[PDB]
Amino acid sequence: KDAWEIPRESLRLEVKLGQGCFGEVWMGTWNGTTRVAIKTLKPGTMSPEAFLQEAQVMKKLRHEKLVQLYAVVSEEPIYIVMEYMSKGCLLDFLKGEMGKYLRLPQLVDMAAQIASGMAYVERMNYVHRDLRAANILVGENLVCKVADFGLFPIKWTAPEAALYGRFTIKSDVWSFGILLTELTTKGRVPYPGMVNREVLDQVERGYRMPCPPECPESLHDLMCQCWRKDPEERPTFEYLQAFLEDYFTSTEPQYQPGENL
Ligand SMILES: Cc1cccc(-n2nc(C(C)(C)C)cc2NC(=O)Nc2ccc(Nc3ncnc4ccc(N)cc34)cc2)c1
């Protein structure tokens, strides 16, 4: 029905990448010459007009640090098609074989890029709701992009949101501070040892994560700004973008590598 439409025959589906309840995600081939990621709808497990609100949104929100919609087969079976990210989810990349070698300069660069994707989302006055590593894709050359896999994540969610349902670009910012610990511990779970009910209790009373081992203090301070009790006092993604981009000159000019960061 719109120019995003393509025929179900231009697609050679190849390797499975796992199932959610609504369908499957496949690596594959568009016009025999393009690496794509194809998302599935199992018919009857849900309606088109809901399964395709994703593609709908991915048509509005287009940006170099956001995941890229390519095309739709919006007639059953229904397919959504986007660019293929050759290193998968950022969470698997940080805990896997690749995380042995990632140092603070690549990690902050990743950070700078997700921030930049998020700067666009702020600008577009849209709200993410589930910023965290499991939702960032990594591509060739440590290229990161904000995605949503439709994965409660209270460990990543700002109080005002987990409690009262006040999700905003500012709760997205809290989540960013949590992402900064993921990047700086190679994707370890935030708040190790606490269980959800104690995170709510503990963060309510002002408890905040300490400096990760080897993380510079000024990055911890940035995490802390991200986690202010007061939504409006947390910084913009635009600020976050710039401060990160500029890190190794303005903020940590004497940075030296160590064993892990
Ligand atoms: C559920 C829903 C509903 C409404 C909107 C969304 N949004 N929202 C966004 C924002 C706001 C960030 C633009 C993005 C989405 N949707 C989305 O990210 N969908 C999506 C993206 C990539 C994939 N899968 C893979 N793709 C590209 N390489 C891979 C490489 C490895 C791998 N394992 C999976 C993949 C599946 C679904 C999501």
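1. Thoughts on the pattern of salt bridges
Under the definition given, this model contains 6 salt bridges. Across the pair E83 and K145 runs a salt bridge whose closest N-O atoms are separated by 2.6 Å. In this pair, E83 sits in strand β5 (residues 79-83) while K145 sits in strand β7 (residues 144-146), placing the two residues 62 residues apart along the sequence. There is no split in this pair, since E83 and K145 are both buried.

2. Re the site of the ligand
In the vicinity of the ligand lie 17 residues, with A37, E54, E83, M85 and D148 positioned nearest. Taking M85, its main chain carries an N or O atom lying 3.3 Å from a nitrogen atom of the ligand. One nitrogen or oxygen atom from the main chain of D148 is found 2.6 Å from an oxygen atom belonging to the ligand. Summarising the interface, the protein chains cover 85% of the accessible area of the ligand, which totals 780 Å² for the free molecule. Those elements that place two or more of their residues in the shell around the ligand are α2 (53-60) and β5. Taken together, the residues that form the shell around the ligand break down as 11 nonpolar, 3 polar and 3 charged. When residues are assigned to domains, the shell around the ligand turns out to be shared by domain 1 (1-84) and domain 2 (85-254), each giving three or more.

3. A few points about a nonpolar patch on the surface
A surface patch of nonpolar side chains, amounting to about 220 Å² of accessible area, comprises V15, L17 and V25. In this structure, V15 sits in strand β1 (residues 11-19). Accessibility expressed as a relative area gives 41% for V15, which makes it partly exposed.

4. Description of the packing of helix α6 (residues 169-184) against helix α9 (residues 237-245)
Two numbers describe how α6 lies on α9: the axes approach to 11 Å, and their chain directions differ by 30°. Put simply, α6 runs roughly parallel to α9. Residues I169, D172, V173 and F176 of α6 form the contact with α9, whose own contacting residues are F237, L240 and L244. Across the contact of α6 with α9, the residue classes break down as 6 nonpolar, no polar and 1 charged.

5. A closer look at the UniProt feature "active site" in the protein
Mapped onto this numbering, the UniProt entry annotates "active site" at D130. For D130, the location among the structural elements is in the loop between α4 (104-123) and β6 (136-138). Discounting chain neighbours no more than four positions away, the residues touching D130 are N135, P153 and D172.

6. Details of the domain arrangement of the protein
Split by domain assignment, the protein resolves into domain 1 (1-84) and domain 2 (85-254). Just the C-alpha atoms count here: the centres of domain 1 and domain 2 sit 27 Å apart. At the junction of the two partners, domain 1 supplies 13 residues and domain 2 supplies 16 residues. Buried area between domain 1 and domain 2, summed over both chains or domains, comes out near 1,300 Å², and the portion from carbon and sulfur atoms is 60%. For the pair domain 1 and domain 2, the number of links is 7 residue pairs in polar contact. Ranked by the residues each element gives to the side of domain 1 that touches domain 2, the list is headed by α2, at 3 residues.

7. A word on the UniProt feature "binding site: ATP" in the protein
The UniProt record annotates "binding site: ATP" at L17, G18, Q19, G20, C21, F22, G23, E24, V25 and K39. Over a stretch of 23 residues, the named residues converge on one spot in the fold, their C-alpha atoms separated by at most 13.9 Å. The topology assignment puts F22 in the loop between β1 and β2 (24-30). Its relative accessible area of 46% is what places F22 among the partly exposed residues.

Cut-offs used in this document
- Residues numbered from 1 in each chain as written, not as in the entry; some residues may be left out.
- Heavy atoms only, no water.
- Residues with missing side-chain atoms left out of burial classes, pairs and counts.
- Salt bridge = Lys/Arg side-chain N within 4 Å of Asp/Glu carboxyl O.
- Helix = DSSP H or I, 4+ residues; strand = E, 2+ residues; numbered from the N terminus.
- Buried < 20%, exposed > 50% of the residue type's maximum accessible area, 1.4 Å probe, protein only.
- Near = heavy atom within 4 Å.
- Polar contact = N/O pair within 3.5 Å; in protein donor to acceptor, adjacent residues only side chain to side chain.
- Areas by Shrake-Rupley, 256 points an atom, 1.4 Å probe, with all protein chains shown as cover.
- Nonpolar A, V, L, I, M, F, W, Y, C, P; charged D, E, K, R; others polar.
- Domains from an automatic or database assignment.
- Patch = residues over 30% accessible without salt bridge, like charges linked within 9 Å, V, L, I, M, F, W, Y side chains within 5 Å.
- Axes fitted to C-alpha atoms, helices over the stretch in contact; angles between N-to-C directions.
- Parallel < 35°, antiparallel > 145°, perpendicular 65-115°, else oblique.
- Contact = heavy atoms within 4.5 Å.
- UniProt positions renumbered as here; feature names shortened; annotations may be inferred.
- Buried area = accessible area lost by both parts, 1.4 Å probe.

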